[PDB]
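Engineer: Let me begin by handing over the structure; questions about it come next.
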Amino acid sequence: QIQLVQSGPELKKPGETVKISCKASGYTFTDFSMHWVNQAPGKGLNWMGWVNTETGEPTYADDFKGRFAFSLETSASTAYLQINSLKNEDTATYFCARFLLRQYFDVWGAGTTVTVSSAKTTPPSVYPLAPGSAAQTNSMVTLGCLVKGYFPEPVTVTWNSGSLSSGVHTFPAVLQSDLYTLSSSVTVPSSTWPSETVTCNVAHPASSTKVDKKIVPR
Amino acid sequence: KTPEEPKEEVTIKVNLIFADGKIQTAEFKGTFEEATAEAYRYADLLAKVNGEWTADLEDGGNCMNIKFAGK
Amino acid sequence: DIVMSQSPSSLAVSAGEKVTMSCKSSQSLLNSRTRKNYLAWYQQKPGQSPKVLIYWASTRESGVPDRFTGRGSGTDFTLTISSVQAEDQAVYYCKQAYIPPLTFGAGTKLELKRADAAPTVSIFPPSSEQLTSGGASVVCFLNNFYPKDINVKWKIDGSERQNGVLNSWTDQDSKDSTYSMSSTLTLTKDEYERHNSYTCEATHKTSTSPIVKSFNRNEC
Amino acid sequence: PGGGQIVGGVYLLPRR
């Protein structure tokens, strides 16, 4: 199928360089122009320009003329985006999208988010939030997971490797003292826990860590 | 031309009341002059199908009750 | 540069209703020879990348339900959703591709209105695992409520506490159209072990009396 | 046109 796979999240210090890839598949890479679009935290989409995939000629929007560079590797059906002399304000997520002759974007990559900061990368501590020894009987039982003291974003949280998607509430992370804290809750029927095992899966790309905390009754 | 001396990104909160009884809520952000002009155009835009509109201002004009005559 | 203006900034409607979004350009998207308006509408949900809905100003992309309809020509365009459902909760952007650079509107947030719902509150004492690190967080979950406005109060042995509290809110739920929020109170293991009763009070419109939840350390 | 990948409808001409 038609896809655009982007590299992972990056954490760069101000003044450094970052280069992210967008690997296309499922179609002939050289037939469609590949564009780039950025989005600063909660701020909306902005067109950065495009790269002709057959001539390899890049075209930049004024606002991105300078530190930004578009490049290819046709043999690998991959498009690249490199930012040099990184500014704190470059923090955002960058998307690559395939553009059609009808002038709109056909497919998009999941976007790559890059954080510009001097704070040190630090792995999250993951604590199991099981109901406190008490209160009986609720029809439904709410479990939780506390992911604290990590940097930078993001962390992806799932329950039972993803099989438990409904009833989940994973909250946006909050920044405090160069350290993040995120939380996630799952509400499941009492007859299923402690009966069946419920496990919180959190991944933190920047530190290359995965923690699978099983929630156990107190 | 956009001010680099003075101000305000206001938010105009609006209630859209239709003849049939349904109520929708909307917001318009920007300078007070801009946002007000927005609500009005939007009202005109919505009046094309829900009828002529009338309004009730308050909070200095930071809150609108737009009613559409319907038909 | 061609400027795209979108309005409202946001909208809130009840399921099944018809909602209308507006987008106006600086200039005229209409090519004389092709007889086309190079205006497209994109839909973006939380954490997801955008997904096109309409292109030449009106032509519905394949796979998109007829519920969505794009109209307009020149500088005035609109997007309409006839039977709004929870799966429409997202930001909608119009983008002009008539003359580079391609420019986007600021977007229009679309949320659903539903019957009020009171928060179902849960409180969790610090995990023993966290205690062995000398840290102590008490988490309180206020899930699936509506409207979205909500206040939380933390009390330690009946006394209100403002320090060490972190709050986080969720985007409108894609299924029930409610909202949730997470509040965490953090202290040192030491502070935590010197007090006994911890409680969080939620204040929602759906009641004049704060929903209260708590636990006492002497009972764990 | 002398070009396959184009950006900007202002340039496109009927197909013909």
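Labels for the structure tokens follow display order: chains A, B, ..., residues from 1 in each chain, ligands from 1.
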Would you mind listing what lies within 12 Å of residue 2 (chain D) as a PDB file with N, CA, C and O atoms, in the first residue's frame, with only C-alpha atoms counted and same-chain residues fewer than 6 positions away left out?

Structural biologist:
```
ATOM      1  N   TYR D  11      -0.491  27.628 -13.218  1.00  0.00           N
ATOM      2  CA  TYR D  11       0.297  27.161 -14.356  1.00  0.00           C
ATOM      3  C   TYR D  11      -0.393  26.099 -15.211  1.00  0.00           C
ATOM      4  O   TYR D  11      -0.251  26.094 -16.431  1.00  0.00           O
ATOM      5  N   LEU D  12      -1.128  25.196 -14.567  1.00  0.00           N
ATOM      6  CA  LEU D  12      -1.843  24.126 -15.261  1.00  0.00           C
ATOM      7  C   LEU D  12      -2.720  24.670 -16.402  1.00  0.00           C
ATOM      8  O   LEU D  12      -3.333  25.725 -16.274  1.00  0.00           O
ATOM      9  N   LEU D  13      -2.770  23.955 -17.518  1.00  0.00           N
ATOM     10  CA  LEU D  13      -3.592  24.386 -18.642  1.00  0.00           C
ATOM     11  C   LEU D  13      -4.518  23.260 -18.957  1.00  0.00           C
ATOM     12  O   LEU D  13      -4.207  22.113 -18.644  1.00  0.00           O
TER      13      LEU D  13
END
```

Engineer: With the cut-off set at 7 Å and counting only C-alpha atoms, tabulate each residue of chain C with an atom at most that distance from an atom of chain A, showing the nearest atom pair and its distance in Å to one decimal, ordered by chain and increasing number, as JSON lines.

Structural biologist:
```
{"residue": "C:38", "atom": "CA", "partner": "A:103", "partner_atom": "CA", "distance": 6.7}
{"residue": "C:40", "atom": "CA", "partner": "A:104", "partner_atom": "CA", "distance": 6.5}
{"residue": "C:48", "atom": "CA", "partner": "A:110", "partner_atom": "CA", "distance": 6.9}
{"residue": "C:49", "atom": "CA", "partner": "A:110", "partner_atom": "CA", "distance": 5.7}
{"residue": "C:52", "atom": "CA", "partner": "A:105", "partner_atom": "CA", "distance": 6.7}
{"residue": "C:55", "atom": "CA", "partner": "A:104", "partner_atom": "CA", "distance": 6.6}
{"residue": "C:97", "atom": "CA", "partner": "A:103", "partner_atom": "CA", "distance": 6.1}
{"residue": "C:101", "atom": "CA", "partner": "A:61", "partner_atom": "CA", "distance": 6.0}
{"residue": "C:102", "atom": "CA", "partner": "A:47", "partner_atom": "CA", "distance": 6.0}
{"residue": "C:103", "atom": "CA", "partner": "A:47", "partner_atom": "CA", "distance": 6.5}
{"residue": "C:104", "atom": "CA", "partner": "A:46", "partner_atom": "CA", "distance": 6.5}
{"residue": "C:106", "atom": "CA", "partner": "A:44", "partner_atom": "CA", "distance": 6.3}
{"residue": "C:107", "atom": "CA", "partner": "A:44", "partner_atom": "CA", "distance": 6.9}
{"residue": "C:124", "atom": "CA", "partner": "A:131", "partner_atom": "CA", "distance": 5.9}
{"residue": "C:125", "atom": "CA", "partner": "A:132", "partner_atom": "CA", "distance": 6.2}
{"residue": "C:127", "atom": "CA", "partner": "A:127", "partner_atom": "CA", "distance": 6.2}
{"residue": "C:129", "atom": "CA", "partner": "A:127", "partner_atom": "CA", "distance": 6.7}
{"residue": "C:130", "atom": "CA", "partner": "A:127", "partner_atom": "CA", "distance": 6.5}
{"residue": "C:168", "atom": "CA", "partner": "A:172", "partner_atom": "CA", "distance": 6.1}
{"residue": "C:169", "atom": "CA", "partner": "A:171", "partner_atom": "CA", "distance": 6.3}
{"residue": "C:170", "atom": "CA", "partner": "A:171", "partner_atom": "CA", "distance": 5.6}
{"residue": "C:182", "atom": "CA", "partner": "A:171", "partner_atom": "CA", "distance": 6.9}
{"residue": "C:220", "atom": "CA", "partner": "A:133", "partner_atom": "CA", "distance": 5.4}
```

Engineer: Could the residues in this selection be written to a file with C-alpha atoms, as a short mmCIF file (atom, residue, chain, number, x, y, z; two decimals), in the first residue's frame?

Structural biologist:
```cif
data_model
loop_
_atom_site.label_atom_id
_atom_site.label_comp_id
_atom_site.auth_asym_id
_atom_site.auth_seq_id
_atom_site.Cartn_x
_atom_site.Cartn_y
_atom_site.Cartn_z
CA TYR C 38 -7.31 25.27 -6.36
CA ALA C 40 -8.60 22.01 -0.70
CA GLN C 48 -2.75 12.43 13.58
CA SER C 49 -1.45 13.90 10.35
CA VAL C 52 -7.69 15.68 2.62
CA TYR C 55 -10.06 19.39 -3.69
CA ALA C 97 -2.50 25.93 -4.22
CA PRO C 101 3.65 29.40 -1.73
CA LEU C 102 0.85 27.04 -0.71
CA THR C 103 -0.82 28.74 2.24
CA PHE C 104 -3.13 27.31 4.92
CA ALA C 106 -5.56 29.11 10.65
CA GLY C 107 -7.98 26.21 10.96
CA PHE C 124 -4.63 6.34 43.65
CA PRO C 125 -2.14 6.35 46.51
CA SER C 127 2.81 3.09 44.14
CA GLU C 129 7.55 1.15 43.70
CA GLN C 130 7.67 4.96 43.74
CA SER C 168 -3.56 17.65 32.29
CA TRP C 169 -6.68 17.60 30.10
CA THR C 170 -7.74 15.30 27.28
CA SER C 182 -5.66 14.04 35.31
CA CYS C 220 -3.66 0.72 53.12
#
```

Engineer: So which residues touch region 52-55 of chain A within 7 Å, counting only C-alpha atoms, skipping near sequence neighbours fewer than 5 positions away, as a PyMOL selection string?

Structural biologist: (chain A and resi 30-34) or (chain D and resi 5)

Engineer: Sort by chain and increasing residue number a table of all residues of chain D within 7 Å of chain C, each with its closest pair of atoms and their distance in Å to one decimal, counting only C-alpha atoms, and write it as CSV.

Structural biologist:
```
residue,atom,partner,partner_atom,distance
D:8,CA,C:98,CA,4.7
D:9,CA,C:98,CA,4.5
D:10,CA,C:98,CA,5.2
D:13,CA,C:34,CA,5.8
D:14,CA,C:34,CA,5.1
```

Engineer: Got a sec to tell me which of region 104-154 of chain C DSSP assigns to strand (DSSP E or B), as a ChimeraX atom specification?

Structural biologist: /C:104,108-113,117,120-124,135-146,151-154

Engineer: Store the residues picked out above in a file with N, CA, C and O atoms, as a compact mmCIF listing (two decimals), in the first residue's frame.

Structural biologist:
```
# COMPACT_ATOMS: atom_id res chain seq x y z
N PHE C 104 -2.02 27.93 4.19
CA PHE C 104 -3.13 27.31 4.92
C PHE C 104 -3.89 28.34 5.75
O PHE C 104 -3.35 29.38 6.13
N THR C 108 -10.17 25.57 11.77
CA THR C 108 -11.40 25.72 12.53
C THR C 108 -11.60 24.47 13.36
O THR C 108 -11.75 23.38 12.79
N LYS C 109 -11.60 24.61 14.69
CA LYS C 109 -11.79 23.48 15.58
C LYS C 109 -13.27 23.16 15.67
O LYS C 109 -14.09 24.06 15.84
N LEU C 110 -13.60 21.88 15.53
CA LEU C 110 -14.98 21.44 15.60
C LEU C 110 -15.17 20.44 16.73
O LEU C 110 -14.56 19.37 16.73
N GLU C 111 -16.02 20.79 17.70
CA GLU C 111 -16.28 19.89 18.83
C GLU C 111 -17.76 19.56 18.90
O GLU C 111 -18.59 20.24 18.30
N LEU C 112 -18.10 18.52 19.63
CA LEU C 112 -19.48 18.12 19.76
C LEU C 112 -20.10 18.60 21.07
O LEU C 112 -19.42 18.79 22.08
N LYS C 113 -21.42 18.82 21.03
CA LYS C 113 -22.16 19.23 22.21
C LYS C 113 -22.98 18.00 22.55
O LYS C 113 -23.50 17.32 21.67
N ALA C 117 -22.59 15.36 31.75
CA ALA C 117 -22.19 14.11 32.38
C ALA C 117 -21.23 14.46 33.49
O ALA C 117 -20.30 15.26 33.29
N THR C 120 -16.48 10.76 36.73
CA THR C 120 -16.39 9.54 37.52
C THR C 120 -14.95 9.67 38.02
O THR C 120 -14.01 9.60 37.23
N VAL C 121 -14.79 9.88 39.32
CA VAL C 121 -13.50 10.11 39.96
C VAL C 121 -12.83 8.93 40.66
O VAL C 121 -13.48 8.17 41.37
N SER C 122 -11.53 8.79 40.45
CA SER C 122 -10.74 7.73 41.05
C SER C 122 -9.49 8.36 41.65
O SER C 122 -8.96 9.33 41.10
N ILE C 123 -9.02 7.82 42.76
CA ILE C 123 -7.83 8.35 43.40
C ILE C 123 -6.89 7.17 43.64
O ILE C 123 -7.33 6.07 43.96
N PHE C 124 -5.60 7.40 43.46
CA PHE C 124 -4.63 6.34 43.65
C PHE C 124 -3.49 6.76 44.55
O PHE C 124 -2.83 7.78 44.30
N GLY C 135 9.96 9.32 46.47
CA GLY C 135 9.04 10.23 45.82
C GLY C 135 7.64 9.81 46.22
O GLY C 135 7.46 8.69 46.71
N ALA C 136 6.66 10.67 46.02
CA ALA C 136 5.27 10.35 46.38
C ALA C 136 4.27 11.16 45.59
O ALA C 136 4.14 12.38 45.75
N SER C 137 3.54 10.48 44.71
CA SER C 137 2.55 11.16 43.91
C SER C 137 1.19 10.52 44.15
O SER C 137 1.09 9.30 44.27
N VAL C 138 0.17 11.36 44.26
CA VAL C 138 -1.19 10.87 44.44
C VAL C 138 -1.89 11.28 43.17
O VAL C 138 -1.96 12.47 42.84
N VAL C 139 -2.40 10.30 42.43
CA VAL C 139 -3.07 10.61 41.18
C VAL C 139 -4.58 10.52 41.32
O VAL C 139 -5.12 9.61 41.96
N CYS C 140 -5.26 11.47 40.69
CA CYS C 140 -6.71 11.54 40.72
C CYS C 140 -7.18 11.64 39.26
O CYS C 140 -6.73 12.51 38.52
N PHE C 141 -8.06 10.74 38.84
CA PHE C 141 -8.57 10.77 37.46
C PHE C 141 -10.03 11.21 37.47
O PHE C 141 -10.85 10.64 38.18
N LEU C 142 -10.36 12.24 36.69
CA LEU C 142 -11.73 12.72 36.58
C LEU C 142 -12.12 12.44 35.13
O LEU C 142 -11.94 13.28 34.26
N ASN C 143 -12.66 11.25 34.89
CA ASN C 143 -13.01 10.85 33.54
C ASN C 143 -14.44 11.00 33.03
O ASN C 143 -15.40 11.03 33.80
N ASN C 144 -14.53 11.10 31.70
CA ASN C 144 -15.77 11.18 30.94
C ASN C 144 -16.85 12.12 31.44
O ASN C 144 -17.96 11.69 31.74
N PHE C 145 -16.54 13.41 31.50
CA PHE C 145 -17.51 14.38 31.96
C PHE C 145 -17.82 15.38 30.86
O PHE C 145 -17.17 15.37 29.82
N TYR C 146 -18.81 16.23 31.09
CA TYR C 146 -19.22 17.24 30.12
C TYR C 146 -20.22 18.22 30.73
O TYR C 146 -21.10 17.82 31.50
N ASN C 151 -12.88 21.94 37.87
CA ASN C 151 -11.86 22.34 38.86
C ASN C 151 -11.59 21.28 39.87
O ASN C 151 -12.47 20.55 40.27
N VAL C 152 -10.32 21.17 40.24
CA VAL C 152 -9.94 20.16 41.22
C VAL C 152 -9.27 20.79 42.44
O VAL C 152 -8.57 21.79 42.32
N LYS C 153 -9.52 20.23 43.62
CA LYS C 153 -8.92 20.73 44.84
C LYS C 153 -8.31 19.57 45.59
O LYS C 153 -8.93 18.51 45.73
N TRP C 154 -7.09 19.76 46.07
CA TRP C 154 -6.39 18.73 46.81
C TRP C 154 -6.37 19.06 48.28
O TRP C 154 -6.14 20.20 48.66
```
